[PDB]
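Read through the structure below, which is laid out as structure tokens, and then see the notes.
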């Protein structure tokens, strides 16, 4: 019942993502469903129009721990444990979270 080509293209893209996830995740363990969904979400974010790639934020998401904290460089923050302090210090490297 859809004749306009733009609507058909949008429906095809959405159904592609949906059917791919359904068909794959029906043969996956429940732990890995979220992983593949995250991968497809990142693929769409690469393919979506008007949104930046967010390459730096995802790079910190996947390799934030790879950032180095010098010994004694972690301060003490009221209410945060040591681990949360290291996490916040690592997250402060990005420019958006500079005042975190």
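Numbering (my numbering), first residue to last: 196 to 295. Cβ atoms here follow ideal geometry from the backbone N, Cα and C, with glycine treated the same way.
If we ignore side chains and look at the alpha-carbon of each, how far apart do residue i and residue j end up?
i: residue 218; j: residue 224; result: 13 angstroms
i: residue 271; j: residue 281; result: 10 angstroms
i: residue 227; j: residue 200; result: 35 angstroms
i: residue 262; j: residue 285; result: 6 angstroms
i: residue 269; j: residue 291; result: 19 angstroms
i: residue 252; j: residue 288; result: 11 angstroms
i: residue 255; j: residue 198; result: 43 angstroms
i: residue 231; j: residue 237; result: 10 angstroms
i: residue 260; j: residue 275; result: 18 angstroms
i: residue 205; j: residue 283; result: 39 angstroms
i: residue 178; j: residue 241; result: Residue numbering for the chain in the displayed model covers 196 to 295; residue 178 lies beyond these limits and cannot be assessed.
i: residue 243; j: residue 267; result: 43 angstroms
i: residue 233; j: residue 210; result: 17 angstroms
Can you look up residue i in the DSSP assignment and give me helix, strand or coil?
i: residue 223; result: coil
i: residue 284; result: helix
i: residue 277; result: helix
i: residue 293; result: coil
i: residue 208; result: helix
Does residue i have its Cβ less than 7 angstroms from a Cβ in chain D?
i: residue 275; result: The displayed structure is made up of one protein chain only, and chain D is not part of it.
Would you mind listing the alpha helix (DSSP H) stretches within the region 237–277 that are 4+ residues and don't spill past its ends, in chain order? 250–258
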